[PDB]
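**Q** There's a structure below that I have some questions on.
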Amino acid sequence: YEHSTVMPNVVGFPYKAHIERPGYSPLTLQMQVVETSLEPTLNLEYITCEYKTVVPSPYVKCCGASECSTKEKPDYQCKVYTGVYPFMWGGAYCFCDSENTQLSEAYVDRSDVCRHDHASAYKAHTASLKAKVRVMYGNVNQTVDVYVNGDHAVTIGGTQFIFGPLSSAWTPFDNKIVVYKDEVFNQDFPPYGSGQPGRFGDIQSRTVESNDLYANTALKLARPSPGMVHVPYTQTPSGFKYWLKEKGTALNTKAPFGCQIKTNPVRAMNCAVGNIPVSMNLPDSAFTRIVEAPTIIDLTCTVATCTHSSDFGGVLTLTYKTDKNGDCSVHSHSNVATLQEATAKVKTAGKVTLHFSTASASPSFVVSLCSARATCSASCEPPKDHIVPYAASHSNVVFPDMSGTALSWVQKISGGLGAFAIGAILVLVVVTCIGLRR
Amino acid sequence: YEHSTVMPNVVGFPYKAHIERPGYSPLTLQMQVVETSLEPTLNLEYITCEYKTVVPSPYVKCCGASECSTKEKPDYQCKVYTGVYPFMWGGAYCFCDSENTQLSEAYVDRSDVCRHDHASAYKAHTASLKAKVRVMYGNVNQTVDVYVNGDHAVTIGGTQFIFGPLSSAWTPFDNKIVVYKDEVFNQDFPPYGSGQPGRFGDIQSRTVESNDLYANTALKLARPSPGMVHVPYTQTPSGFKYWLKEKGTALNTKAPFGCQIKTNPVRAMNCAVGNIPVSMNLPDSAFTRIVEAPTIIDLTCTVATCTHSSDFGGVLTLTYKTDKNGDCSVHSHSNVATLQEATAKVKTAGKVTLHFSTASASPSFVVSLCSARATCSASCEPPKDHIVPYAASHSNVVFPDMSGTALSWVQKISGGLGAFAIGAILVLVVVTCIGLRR
Amino acid sequence: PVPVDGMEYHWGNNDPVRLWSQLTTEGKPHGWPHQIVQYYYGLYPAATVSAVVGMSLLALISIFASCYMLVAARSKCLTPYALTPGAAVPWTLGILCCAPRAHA
Ligand SMILES: *[C@@H]1O[C@H](CO)[C@@H](O[C@@H]2O[C@H](CO)[C@@H](O[C@@H]3O[C@H](CO)[C@@H](O)[C@H](O)[C@@H]3O)[C@H](O)[C@H]2NC(C)=O)[C@H](O)[C@H]1NC(C)=O
Ligand SMILES: *[C@@H]1O[C@H](CO)[C@@H](O[C@@H]2O[C@H](CO)[C@@H](O[C@@H]3O[C@H](CO)[C@@H](O)[C@H](O)[C@@H]3O)[C@H](O)[C@H]2NC(C)=O)[C@H](O)[C@H]1NC(C)=O
Ligand SMILES: *[C@@H]1O[C@H](CO)[C@@H](O[C@@H]2O[C@H](CO)[C@@H](O[C@@H]3O[C@H](CO)[C@@H](O)[C@H](O)[C@@H]3O)[C@H](O)[C@H]2NC(C)=O)[C@H](O)[C@H]1NC(C)=O
Ligand SMILES: *[C@@H]1O[C@H](CO)[C@@H](O[C@@H]2O[C@H](CO)[C@@H](O[C@@H]3O[C@H](CO)[C@@H](O)[C@H](O)[C@@H]3O)[C@H](O)[C@H]2NC(C)=O)[C@H](O)[C@H]1NC(C)=O
């Protein structure tokens with residue numbers, strides 16, 4: 001028996017579905033979203049880590065000269081100085097007074113610990129959803145892991161469930177993403193090969209294991225002091241440490257809809273938005289023949305107390321007359337009130353009680369017990385507590401019933417005004433007809 | 001000196017760009033697309049391969065009875081039969097004449113060679129383009145590899161190049177893809193957990209090494225024939241073997257724009273569509289001072305022969321007067337004609353020759369040698385060879401010049417008719433003025 | 001078929017071979033007007049006919065409008081002489097031909 005329904009994507013909300021086969025007694029399902037997960041698709045751009053400056057020992061050529069030689073090294077800088085007269089601890093070598101030469105050399109290379117502390121640069125697109133739904137009905141109670149897209153069917157006790165695609169296509173990750181340890185940032189990083197010194201991406205590598213490297217830190221050499229051997233240099237500090245201190249904010253403490261951002265892999269969990277359609281296919285053994293189920297007649301609904309709070313703050317009672325005792329499946333056909341239980345045990349005493357939660361001052365909903373039916377209405381008082389630590393258990397609908405007190409007052413006033421207008425219209429029509437007949 | 005241009009995405013096309021700095025002699029670059037690669041992003045769905053039926057030996061429990069036991073095996077089937085009287089080569093055992101039972105067992109399992117011969121089901125979206133471009137200017141050769149998107153800068157001899165995103169967003173891959181060895185099929189495969197026997201995907205596995213398996217091949221047992229021990233069964237043939245014989249066509253022999261599909265990784269190569277914007281940044285060392293370049297005056301252009309063929313079927317002659325001999329940059333400012341050379345040897349003799357290819361009956365364009373300008377017009381006859389094995393070297397522009405023979409005839413007839421109409425208007429106006437002045 | 005775009009074929013185990021068409025025809029350009037039409041009908045034989053028909057129709061419309069305007073101008077100029085018992089002014093008769101050749 002094929003069926004379809006739409007259920008909200010709110011964690012912990014006890015959704016109940018009603019199935020009414022013409023030949024069998026009605027059945028009530030309970031589906032609950034225990035946990036979700038939003039998986040984006042990532043493309044690695046490059047890897048940035050702190051650099052380390054390699055400076056070899058100078059080569060002081062006594063009584064001669066040397067020539068610079070170009071090399072293929074990241075940010076290689078080499079210069080040659082003349083007229084140097086170095087010293088050492090025991091004396092001064094390079095006997096030649098002024099015909100000496102020093103060759104200075106320096107370049108940049110990736111640090112030793114880059115494979116432990118590095119920040120990635122990704123591009124994120126086409127998020128994919130994943131869920132974990134608990135399904136219970138009759139004597140069946142299981143939890144399954146389902147991809148939320150209409151191409152994965154899971155079997156629970158002989159029943160086939162297909163969870164349709166999410167209603168909306170909203171994702172919290174921008175087109176560009178920077179990931180560091182367990183934090184995600186919505187940042188726009190410089191393109192590869194065009195990084196600027198002193199900021200994020202001063203040195204870039206295509207992958208942590210990649211051999212090539214692009215470095216730009218404006219490493220510049222200076223002439224050594226007289227009578228010294230030290231190879232002076234100046235360099236703009238690493239951009240990674242500037243970024244590590246001035247990254248600013250995050251996505252863990254900034255994501256909308258109250259969903260946590262986690263890493264390895266990058267995902268956003270328990271993030272309430274949209275609706276998840278559900279398609280079903282039930283066997284004929286789940287239902288019960290209507291001859292076996294009890295027959296319920298003369299159903300009347302009365303409400304004891306009502307209070308539109310977050311928890312189940314309503315007490316509701318049914319009176320009936322039955323021939324045999326058994327089990328029915330209760331359900332509310334309007335989302336103004338949400339029942340707590342999906343099965344009430346019917347006895348010949350003819351009195352059962354139910355709990356419900358509502359969020360409107362005066363609700364009106366129709367409830368069914370087995371095949372019976374009845375209309376419920378009540379007056380509810382506000383709650384006193386200002387703040388509670390649990391989520392709302394109702395559908396959050398506020399507009400009251402047309403038979404409520406406020407709308408009854410409005411109806412009476414409008415009826416009086418309409419009667420006055422009708423009387424005036426009738427008087428005018430009679431007068432003008434009399435005038436026309438003359 | 002920043003510059004920008006757009007180049008066709010046609011492999012082998014000799015694109016030439018002209019840079020006109022106002023303090024230096026003009027420069028001409030050559031860019032050629034050697035190889036491209038359209039790379040889609042893939043998500044694995046499931047893996048299908050030929051199945052194998054495992055049928056254990058029967059357990060003939062006799063002078064007693066046996067009960068079937070359920071197991072968690074893919075497509076498991078078990079039954080117990082009563083009244084068997086088996087026979088063997090030496091005789092018949094199980095003394096009890098009719099009080100014997102046989103237990104049959106069978107199930108499905110993944111084949112032995114599934115990890116060398118299997119078909120993959122993918123989801124493809126958001127293709128990424130990659131290219132390899134050859135650039136030459138002055139004396140600098142070299143080819144580079146570039147990601148075709150606005151976030152990769154490559155330096156070639158001191159010049160920074162950024163290749164912008166493709167103009168079009170067309171991909172030959174549909175949403176769903178089935179990959180087999182080196183063939184790609186645009187196919188709509190059934191969802192996981194809902195495979196039908198006898199067709200593609202009768203058995204599915206989430207990954208080649210995954211333990212889980214969903215098999216639906218309608219395995220059914222039958223009662224053994226009297227006096228034998230054989231465990232009969234029937235089963236729908238494998239769906240993978242069927243798919244191998246009637247998959248139909250492919251994408252290698254079906255893709256548009258004449259681009260070959262390859263596998264591992266899935267990509268589409270040399271696939272001509274759209275335009276590639278180019279952003280450039282050149283240093284001052286590439287240009288030449290205007291004082292060093294020779295001065296060219298009195299530039300005239302003449303055409304010897306012209307045949308609008310695919311190859312360079314045009315000969316052009318330039319006459320000039322110079323003071324010294326050197327090198328100029330030769331360029332054509334209209335796409336109706338494409339020159340073969342980008343630089344020419346200028347001499348005091350005053351005659352140079354060039355080669356161009358056109359696709360219009362009467363081309364007209366302006367050609368510059370260093371800083372001089374000249375206008376060329378030609379009459380071209382159609383070629384005689386019907387079919388050639390090489391691509392066209394022109395821009396495929398057919399509309400002739402306004403000074404062409406056909407347009408000249410149109411101009412003459414239109415002018416005659418306009419003169420007649422103007423005379424009509426003048427006569428009518430004269431008559432009307434005479435009538436009004438009366 | 002081998003259009004101007006080109007095509008390839010794959011025969012046996014050999015590598016695919018590509019062939020491209022070329023702009024060839026049977027007309028003669030740079031000649032009489034009745035030969036340029038043939039040359040541009042060999043190429044694109046669906047727009048040349050439409051362009052020729054459009055140009056001819058426009059020329060016919062223009063020439064008909066001009067001839068009608070001359071006729072209307074002559075009729076407007078000559079009709080005052082018909083409302084009086086006057087002459088024809090043979091100076092105007094020579095330039096403007098009218099229905100009365102010599103009789104009034
Ligand atoms: C021992 O000490 C003596 C000090 O005189 C060293 O003699 C020096 O040898 C170098 C060898 O290159 C000479 O340099 C050359 O000088 C000429 C002329 O100035 C120049 O054209 C060359 O390009 C090169 O620079 C240097 O002039 C010379 N000193 C003098 C002549 O006063 C000697 O080399 C030392 N022995 C060693 C280091 O084994
Ligand atoms: C349907 O099956 C699920 C399990 O598949 C049942 O979940 C059960 O939920 C209750 C309360 O939510 C769990 O009891 C809790 O145990 C912890 C243990 O530390 C205790 O601290 C709590 O105070 C509470 O008593 C119970 O463990 C859990 N069953 C499991 C995990 O197997 C669910 O109750 C079933 N449906 C019905 C209607 O019973
Ligand atoms: C050696 O051969 C004799 C042949 O008589 C086997 O005796 C058979 O034993 C089985 C096992 O108990 C008997 O089956 C029983 O049948 C009764 C109904 O008569 C039923 O109520 C029991 O639940 C059980 O199924 C069988 O009747 C009996 N044969 C005869 C003729 O009575 C004996 O088991 C063999 N020895 C061994 C070690 O197998
Ligand atoms: C920039 O470098 C490329 C690659 O080195 C140069 O292209 C190469 O040009 C030479 C001729 O100058 C080609 O050699 C000849 O190729 C023909 C092809 O049929 C062959 O039959 C001859 O025996 C001879 O080997 C060479 O093949 C060609 N390379 C490629 C990959 O096509 C290019 O000329 C250089 N740029 C400039 C401005 O020279």
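In the structure tokens, chains take the letters A, B, ... in the order shown, each chain's residues start at 1, and ligands count up from 1 in the order shown.
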Select all residues from chain A having any atom no more than 8 Å from an atom of chain B (counting only C-alpha atoms, ignoring ligands), output as number ranges by chain.

**A** A: 151-154, 190-194

**Q** With only C-alpha atoms considered, list every residue of chain C at most 6 Å from chain B, as a ChimeraX atom specification.

**A** /C:19-22,24,30,66,73

**Q** Take the residues from that selection and write them out as an mmCIF file, in the first residue's frame, keeping C-alpha atoms.

**A**
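Result file is selection_39.cif:
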data_model
loop_
_atom_site.group_PDB
_atom_site.id
_atom_site.type_symbol
_atom_site.label_atom_id
_atom_site.label_comp_id
_atom_site.auth_asym_id
_atom_site.auth_seq_id
_atom_site.Cartn_x
_atom_site.Cartn_y
_atom_site.Cartn_z
ATOM 1 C CA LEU C 19 38.318 15.154 -42.544
ATOM 2 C CA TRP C 20 37.267 18.776 -43.040
ATOM 3 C CA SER C 21 35.259 20.243 -45.898
ATOM 4 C CA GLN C 22 36.301 23.365 -47.794
ATOM 5 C CA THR C 24 34.165 25.322 -52.847
ATOM 6 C CA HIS C 30 33.600 39.123 -59.593
ATOM 7 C CA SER C 66 7.724 57.032 -57.653
ATOM 8 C CA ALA C 73 1.633 65.373 -59.456
#

**Q** Show me which residues sit within 6 Å of ligand 1 when counting only C-alpha atoms and all ligand atoms, and put them as number ranges by chain.

**A** A: 63-64, 96

**Q** Keeping C-alpha atoms for every residue in the selection just given, could you write it to a file as a PDB file, in the first residue's frame?

**A**
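Here's the written file out-v6.pdb:
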ATOM      1  CA  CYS A  63      93.047  37.884  -2.254  1.00  0.00           C
ATOM      2  CA  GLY A  64      90.576  37.348  -5.061  1.00  0.00           C
ATOM      3  CA  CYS A  96      95.479  41.268   1.548  1.00  0.00           C
TER       4      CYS A  96
END

**Q** Would you mind reading off the distance between CA of residue 328 (chain B) and CA of residue 347 (chain B), one decimal, in Å?

**A**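 Between these atoms lies a distance of 10.4 Å.
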
**Q** Quick one: everything within 10 Å of residue 83 (chain A), counting only C-alpha atoms, minus sequence neighbours fewer than 2 positions away in the same chain. Send it as a list in words.

**A**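 In the requested form, the answer reads residues 81, 85, 86, 96, 97, 98, 99, 100, 101, 102 and 226 of chain A.
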